[PDB]
């Protein structure tokens, strides 16, 4: 088989935030049985977040954006994802000139560990019987790889509607950045796999 499903190395951009080939997403999933081991970088090369300036454009919509990975019931990427299908496959093996095939359910984030979330009660004083938060990793990345340029990053599992599985990346910051390209330090986490 192959145990690593990733963003094939091409010099080309492969991702759309607002416009086609906005961005070059690096994303690597390596399977350790029950946990998938994730690593991700993001470079946005044109559009609103290549060179950010919030002194100029300070409205909320210029300080957050989202990226969506959307899979079918067999773990194949759907057209409507942010990531272009052509740049997403397993690593080498008998998948070198076997080219873009799939099944990949063992790389999907468990619908048991990460279910469709319930509807939060009417009263927020009322405590939950089951978790709204448990499908989110909330961490940071650093633009330019500089400690001074944080971007709050929320990875969320199986919360999108297009699909059967989903990995969603929601970035957002408060710092009023002045001329700073969105070019991220990498983020590493792990998640519970389906089978």
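Residue numbers count along the first chain shown, from 1.
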query	finding
Which of 122 to 130 and 151 to 159 has higher mean CA B factor, as the PDB entry lists it	122 to 130
Selected stretch [higher average CA B-factor]: 107 to 115 or 86 to 94	86 to 94
Residue 58 - Cα temperature factor, lowest/middle/highest third of chain	middle
Third of the chain's Cα B-factor distribution that residue 135 belongs to, per the entry	lowest
Residue 64 - Cα temperature factor, lowest/middle/highest third of chain	lowest
CA B-factor ranking of residue 12, expressed as a third of its chain	highest
Residue 34 by Cα B-factor - lowest, middle or highest third of the modelled chain	highest
